[PDB]
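Enquirer: Sending over run-v7.csv (CSV, C-alpha atoms and all ligand atoms).
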```csv
chain,number,residue,atom,x,y,z
A,1,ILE,CA,-3.0,-7.2,-23.0
A,2,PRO,CA,-0.5,-6.6,-20.2
A,3,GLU,CA,-1.1,-6.6,-16.5
A,4,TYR,CA,-0.2,-2.9,-16.3
A,5,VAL,CA,-0.9,0.0,-18.6
A,6,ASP,CA,0.0,3.6,-17.9
A,7,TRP,CA,-0.1,5.9,-20.9
A,8,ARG,CA,1.7,8.6,-18.8
A,9,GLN,CA,4.8,6.4,-19.0
A,10,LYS,CA,4.4,6.1,-22.8
A,11,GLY,CA,4.4,9.9,-23.0
A,12,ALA,CA,0.8,9.9,-24.3
A,13,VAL,CA,-0.8,12.0,-21.5
A,14,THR,CA,-0.6,15.8,-21.2
A,15,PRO,CA,-0.5,17.6,-17.8
A,16,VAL,CA,-3.6,17.4,-15.6
A,17,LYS,CA,-6.0,20.2,-16.4
A,18,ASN,CA,-8.6,21.9,-14.2
A,19,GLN,CA,-12.1,22.4,-15.7
A,20,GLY,CA,-13.1,24.8,-12.9
A,21,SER,CA,-16.8,25.4,-12.2
A,22,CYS,CA,-17.8,24.9,-15.8
A,23,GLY,CA,-19.5,21.5,-16.5
A,24,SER,CA,-17.0,20.8,-19.3
A,25,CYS,CA,-15.7,17.4,-18.1
A,26,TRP,CA,-17.1,15.8,-21.2
A,27,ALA,CA,-14.7,18.0,-23.3
A,28,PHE,CA,-11.7,17.4,-21.1
A,29,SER,CA,-12.3,13.6,-21.2
A,30,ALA,CA,-12.6,13.7,-25.0
A,31,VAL,CA,-9.5,15.9,-25.3
A,32,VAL,CA,-7.5,13.5,-23.2
A,33,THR,CA,-8.4,10.7,-25.6
A,34,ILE,CA,-7.5,12.8,-28.6
A,35,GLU,CA,-4.1,13.9,-27.2
A,36,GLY,CA,-3.5,10.2,-26.5
A,37,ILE,CA,-4.4,8.8,-29.9
A,38,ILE,CA,-2.5,11.5,-31.7
A,39,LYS,CA,0.6,10.7,-29.6
A,40,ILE,CA,0.1,6.9,-30.2
A,41,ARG,CA,-0.3,7.4,-34.0
A,42,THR,CA,2.2,10.2,-34.6
A,43,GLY,CA,4.8,10.2,-31.8
A,44,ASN,CA,4.0,13.8,-30.8
A,45,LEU,CA,2.2,14.8,-27.6
A,46,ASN,CA,0.2,17.9,-28.1
A,47,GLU,CA,-2.5,19.7,-26.1
A,48,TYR,CA,-5.8,20.2,-27.8
A,49,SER,CA,-8.7,22.5,-27.1
A,50,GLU,CA,-11.3,21.6,-24.6
A,51,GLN,CA,-12.6,25.1,-25.2
A,52,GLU,CA,-13.1,24.3,-28.9
A,53,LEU,CA,-15.4,21.4,-28.0
A,54,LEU,CA,-17.2,23.5,-25.4
A,55,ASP,CA,-18.0,26.2,-28.0
A,56,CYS,CA,-18.5,24.1,-31.1
A,57,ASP,CA,-20.2,20.8,-30.1
A,58,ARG,CA,-23.7,21.7,-31.0
A,59,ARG,CA,-25.1,18.5,-29.3
A,60,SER,CA,-23.5,19.3,-26.0
A,61,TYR,CA,-24.8,22.2,-23.8
A,62,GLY,CA,-21.6,24.0,-23.1
A,63,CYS,CA,-20.9,24.4,-19.4
A,64,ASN,CA,-24.2,22.7,-18.6
A,65,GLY,CA,-22.7,19.4,-19.6
A,66,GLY,CA,-22.3,17.3,-22.7
A,67,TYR,CA,-21.5,14.0,-24.3
A,68,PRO,CA,-17.9,12.8,-24.8
A,69,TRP,CA,-19.2,10.8,-27.8
A,70,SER,CA,-20.5,14.0,-29.4
A,71,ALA,CA,-17.1,15.8,-28.8
A,72,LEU,CA,-15.1,12.9,-30.3
A,73,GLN,CA,-17.5,12.8,-33.3
A,74,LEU,CA,-16.8,16.5,-33.7
A,75,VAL,CA,-13.1,16.0,-33.8
A,76,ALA,CA,-13.5,13.2,-36.3
A,77,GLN,CA,-15.9,15.2,-38.5
A,78,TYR,CA,-14.0,18.5,-38.5
A,79,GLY,CA,-10.9,18.4,-36.2
A,80,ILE,CA,-9.5,20.2,-33.2
A,81,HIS,CA,-7.1,23.0,-32.6
A,82,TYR,CA,-4.1,23.1,-30.4
A,83,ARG,CA,-4.9,24.3,-26.9
A,84,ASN,CA,-2.5,27.3,-27.2
A,85,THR,CA,-4.6,28.3,-30.3
A,86,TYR,CA,-8.0,28.0,-28.6
A,87,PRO,CA,-7.2,28.2,-24.9
A,88,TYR,CA,-9.6,27.2,-22.1
A,89,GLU,CA,-11.8,30.0,-20.7
A,90,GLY,CA,-14.1,28.0,-18.4
A,91,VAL,CA,-17.2,29.5,-20.1
A,92,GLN,CA,-19.0,28.6,-23.3
A,93,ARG,CA,-18.6,31.2,-26.0
A,94,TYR,CA,-19.3,31.3,-29.7
A,95,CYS,CA,-17.7,28.6,-31.8
A,96,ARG,CA,-14.4,30.1,-33.1
A,97,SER,CA,-13.0,27.0,-34.8
A,98,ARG,CA,-13.5,28.8,-38.1
A,99,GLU,CA,-11.5,31.9,-37.0
A,100,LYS,CA,-8.4,30.0,-35.8
A,101,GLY,CA,-7.2,28.6,-39.1
A,102,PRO,CA,-6.9,25.0,-40.1
A,103,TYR,CA,-7.3,22.3,-37.5
A,104,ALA,CA,-4.2,20.9,-35.8
A,105,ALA,CA,-5.5,17.3,-35.7
A,106,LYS,CA,-8.4,15.3,-36.9
A,107,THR,CA,-9.5,11.8,-36.1
A,108,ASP,CA,-11.3,9.2,-38.2
A,109,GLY,CA,-14.2,8.2,-35.9
A,110,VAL,CA,-15.5,7.2,-32.5
A,111,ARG,CA,-16.0,3.8,-31.1
A,112,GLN,CA,-17.8,2.8,-27.9
A,113,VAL,CA,-16.5,0.2,-25.5
A,114,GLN,CA,-19.1,-2.4,-24.9
A,115,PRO,CA,-20.7,-1.1,-21.7
A,116,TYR,CA,-20.8,-2.9,-18.4
A,117,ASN,CA,-17.8,-5.0,-19.4
A,118,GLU,CA,-14.6,-4.6,-17.5
A,119,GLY,CA,-12.4,-6.5,-19.9
A,120,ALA,CA,-13.7,-4.6,-22.9
A,121,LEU,CA,-12.7,-1.4,-21.2
A,122,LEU,CA,-9.3,-2.8,-20.2
A,123,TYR,CA,-8.7,-3.9,-23.8
A,124,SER,CA,-9.4,-0.4,-25.0
A,125,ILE,CA,-7.1,1.1,-22.4
A,126,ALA,CA,-4.4,-1.2,-23.5
A,127,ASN,CA,-4.6,0.3,-26.9
A,128,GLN,CA,-5.2,4.0,-26.0
A,129,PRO,CA,-6.7,6.4,-23.5
A,130,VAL,CA,-10.5,6.0,-23.2
A,131,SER,CA,-13.2,8.5,-22.4
A,132,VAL,CA,-15.2,7.1,-19.5
A,133,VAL,CA,-17.9,8.4,-17.2
A,134,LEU,CA,-18.4,7.8,-13.5
A,135,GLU,CA,-20.3,9.0,-10.5
A,136,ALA,CA,-18.2,11.8,-8.9
A,137,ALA,CA,-20.9,13.5,-6.8
A,138,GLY,CA,-20.2,11.5,-3.7
A,139,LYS,CA,-18.0,13.1,-1.0
A,140,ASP,CA,-15.8,10.0,-0.9
A,141,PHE,CA,-14.8,10.7,-4.5
A,142,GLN,CA,-14.8,14.5,-4.1
A,143,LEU,CA,-12.4,14.2,-1.1
A,144,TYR,CA,-10.3,11.3,-2.6
A,145,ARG,CA,-6.6,11.9,-1.8
A,146,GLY,CA,-5.0,8.7,-3.0
A,147,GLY,CA,-4.9,5.0,-3.0
A,148,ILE,CA,-7.0,2.6,-4.9
A,149,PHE,CA,-10.5,4.1,-4.6
A,150,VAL,CA,-13.2,1.5,-3.8
A,151,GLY,CA,-16.1,4.0,-3.1
A,152,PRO,CA,-18.5,4.3,-1.5
A,153,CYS,CA,-20.2,5.4,-4.7
A,154,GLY,CA,-23.3,4.6,-6.7
A,155,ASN,CA,-23.6,4.1,-10.5
A,156,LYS,CA,-25.4,7.4,-11.0
A,157,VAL,CA,-22.8,8.6,-13.5
A,158,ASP,CA,-22.5,12.3,-13.9
A,159,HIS,CA,-18.8,13.1,-14.7
A,160,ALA,CA,-16.6,12.4,-17.7
A,161,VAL,CA,-13.0,11.6,-17.1
A,162,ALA,CA,-10.3,9.6,-18.9
A,163,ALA,CA,-8.9,6.1,-18.4
A,164,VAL,CA,-5.2,6.2,-19.1
A,165,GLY,CA,-4.0,2.9,-17.6
A,166,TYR,CA,-4.8,0.1,-15.3
A,167,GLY,CA,-3.4,-2.5,-13.0
A,168,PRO,CA,-4.4,-5.8,-11.5
A,169,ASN,CA,-6.8,-4.1,-9.0
A,170,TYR,CA,-7.4,-0.7,-10.6
A,171,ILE,CA,-8.1,1.5,-13.6
A,172,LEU,CA,-6.1,4.7,-13.8
A,173,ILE,CA,-8.2,7.8,-14.3
A,174,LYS,CA,-7.1,11.3,-15.3
A,175,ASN,CA,-9.6,13.7,-13.7
A,176,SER,CA,-10.0,17.4,-14.8
A,177,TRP,CA,-10.0,18.8,-11.3
A,178,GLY,CA,-6.5,20.2,-11.2
A,179,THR,CA,-3.2,18.7,-10.0
A,180,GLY,CA,-4.2,19.1,-6.3
A,181,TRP,CA,-7.0,16.5,-6.3
A,182,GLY,CA,-6.3,12.8,-5.8
A,183,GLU,CA,-2.9,11.4,-6.9
A,184,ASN,CA,-1.6,14.5,-8.6
A,185,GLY,CA,-4.9,14.8,-10.4
A,186,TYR,CA,-5.3,11.1,-11.0
A,187,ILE,CA,-7.4,8.4,-9.3
A,188,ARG,CA,-6.9,4.7,-9.2
A,189,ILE,CA,-10.3,3.1,-9.1
A,190,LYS,CA,-10.7,-0.5,-7.9
A,191,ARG,CA,-11.6,-3.1,-10.6
A,192,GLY,CA,-12.3,-6.8,-10.4
A,193,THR,CA,-15.2,-6.5,-8.0
A,194,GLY,CA,-17.6,-8.4,-10.2
A,195,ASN,CA,-20.0,-5.5,-10.3
A,196,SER,CA,-20.9,-5.1,-14.0
A,197,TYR,CA,-21.4,-1.4,-13.5
A,198,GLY,CA,-17.8,-0.9,-12.2
A,199,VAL,CA,-16.9,1.0,-9.1
A,200,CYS,CA,-18.7,4.3,-9.4
A,201,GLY,CA,-20.4,3.2,-12.6
A,202,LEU,CA,-17.0,3.3,-14.3
A,203,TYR,CA,-18.2,0.9,-17.1
A,204,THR,CA,-21.4,2.8,-18.0
A,205,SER,CA,-20.4,4.7,-21.1
A,206,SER,CA,-16.8,4.6,-22.5
A,207,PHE,CA,-15.7,6.0,-25.8
A,208,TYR,CA,-12.4,6.4,-27.6
A,209,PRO,CA,-11.4,8.0,-30.9
A,210,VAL,CA,-10.3,6.0,-33.9
A,211,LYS,CA,-7.5,7.4,-36.0
A,212,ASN,CA,-6.0,5.6,-39.0
B,301,LIG,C1,-19.4,17.0,-16.4
B,301,LIG,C2,-18.7,17.8,-15.4
B,301,LIG,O1,-18.2,18.9,-15.7
B,301,LIG,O2,-18.5,17.2,-14.2
B,301,LIG,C3,-20.8,17.5,-16.8
B,301,LIG,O3,-21.6,17.7,-15.7
B,301,LIG,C4,-21.4,16.6,-17.9
B,301,LIG,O4,-21.1,16.7,-19.1
B,301,LIG,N1,-22.3,15.7,-17.5
B,301,LIG,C5,-23.0,14.7,-18.3
B,301,LIG,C6,-23.0,13.4,-17.7
B,301,LIG,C7,-21.8,12.5,-17.8
B,301,LIG,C8,-20.9,13.0,-19.0
B,301,LIG,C9,-22.2,11.1,-18.0
B,301,LIG,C10,-24.4,15.2,-18.7
B,301,LIG,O5,-25.1,15.6,-17.8
B,301,LIG,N2,-24.7,15.0,-20.0
B,301,LIG,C11,-26.0,15.3,-20.5
B,301,LIG,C12,-26.1,16.8,-21.0
B,301,LIG,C13,-26.2,17.8,-19.8
B,301,LIG,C14,-27.7,17.8,-19.3
B,301,LIG,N3,-28.6,18.4,-20.2
B,301,LIG,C15,-28.6,19.7,-20.5
B,301,LIG,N4,-29.5,20.2,-21.3
B,301,LIG,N5,-27.8,20.6,-19.9
```
Now that the file is in, can you turn its structure into structure tokens?
Ligand SMILES: *[C@@H](C(=O)O)[C@H](O)C(=O)N[C@@H](CC(C)C)C(=O)NCCCCNC(N)=[NH2+]
Expert:
Amino acid sequence: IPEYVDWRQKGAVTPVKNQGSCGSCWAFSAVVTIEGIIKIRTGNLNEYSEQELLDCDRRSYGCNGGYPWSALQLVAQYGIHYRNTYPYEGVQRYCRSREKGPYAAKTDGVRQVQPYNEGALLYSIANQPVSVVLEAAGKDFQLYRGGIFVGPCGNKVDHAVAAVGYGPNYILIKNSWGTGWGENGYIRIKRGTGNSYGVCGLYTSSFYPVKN
């Protein structure tokens, strides 16, 4: 795998989104990985529905949080609609996937990166955007404006985001806090520290969709 990956440069990343107050990061993270794998496999970059996962993932708890793995398993089992078909409302509502016609995309499964293993995560990022989790509760992360983020942070992971690239010192993260946070909505998080957890627990729980 190469020294640099940046799926934005491959046209595989949609604009940065803002989840708002709803604890829907798990769905945004999942959606980033679906948009990416659909671009990688088909050549078209589309936006898909975080709201659909929020409403329809019966293992998640809506705006009270959820599981990126559950959302990706939902897109592989049923599918997902375009974002314009099922727009983001920032609140869990009834599942309306039935009422919006056939799905726009469907994946074939979900694979987990071997946790606590930087190279395994880098290998998955070289192939596609990856859903990852991290500790975002610290003010250092909350107030991050730019640069390669080194913390301070613990590994108490609480926030799902998406890894869309990396470099020699960093992993490139698409957050769902709008375009005014970080580096136009992105954060570069230090890697190569020898901490199995990753900076901010970045290697704790990482998933990506599989699409044949
Ligand atoms: C993410 C966010 O919007 O910042 C949101 O809080 C979330 O999904 N958190 C996850 C933790 C990370 C994805 C690792 C979470 O808490 N998942 C477990 C389910 C939520 C807690 N349980 C209930 N019943 N609400």
Enquirer: Within 7 Å of ligand LIG 301 (chain B), counting all atoms listed in the file, which protein or nucleic acid residues do you find, written as a VMD selection string?
Expert: chain A and resid 22 to 26 60 to 61 64 to 68 133 to 134 157 to 160
Enquirer: Using only C-alpha atoms, find the one residue out of A:39, A:100, A:190, A:10 that sits nearest to residue 52 of chain A.
Expert: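 For residue 52 of chain A, the nearest of the candidates is A:100.
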Enquirer: For residue 188 of chain A, work out the shell of residues within 10 Å, counting all atoms listed in the file and skipping chain neighbours fewer than 5 positions away, then give it as a ChimeraX atom specification.
Expert: /A:144,146-150,163,165-167,169-174,182-183
Enquirer: Quick one, how far is atom CA of residue 28 of chain A from atom CA of residue 50 of chain A?
Expert: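 That distance, rounded to one decimal, is 5.5 Å.
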Enquirer: If I take atom CA of residue 164 of chain A and atom CA of residue 77 of chain A, how far is one from the other in Å, to one decimal?
Expert: 23.9 Å
Enquirer: Identify, on the basis of all atoms listed in the file, every residue whose closest approach to residue 209 of chain A does not exceed 10 Å; exclude the query and any residue fewer than 3 positions from it along the same chain; express the result as a VMD selection string.
Expert: chain A and resid 30 to 31 33 to 34 36 to 38 69 71 to 73 75 to 76 106 to 112 128 to 131
Enquirer: What gap, in Å, lies between atom CA of residue 145 of chain A and atom CA of residue 11 of chain A?
Expert: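 Value for the atom CA of residue 145 of chain A-atom CA of residue 11 of chain A distance: 24.0 Å.
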Enquirer: Measuring between only C-alpha atoms, which one of A:151, A:43, A:168, A:90 shows the shortest distance to residue 5 of chain A?
Expert: A:168
Enquirer: Just checking: using all atoms listed in the file, which residue out of A:177, A:212, A:140, A:117 ends up closest to residue 194 of chain A?
Expert: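 Counting all atoms listed in the file, the residue closest to residue 194 of chain A is A:117.
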Enquirer: Hey, which of A:32, A:200, A:123, A:162 ends up closest to residue 137 of chain A? Count all atoms listed in the file.
Expert: A:200
Enquirer: For a quick check of understanding, using all atoms listed in the file, which of A:62, A:115, A:79, A:152 has the smallest distance to residue 21 of chain A?
Expert: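 For residue 21 of chain A, the nearest of the candidates is A:62.
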Enquirer: Which residues, written as a PyMOL selection string, have at least one atom at most 10 Å from residue 180 of chain A, with all atoms listed in the file counted and residues fewer than 5 positions away on the same chain left out?
Expert: chain A and resi 16+18+145+185-186
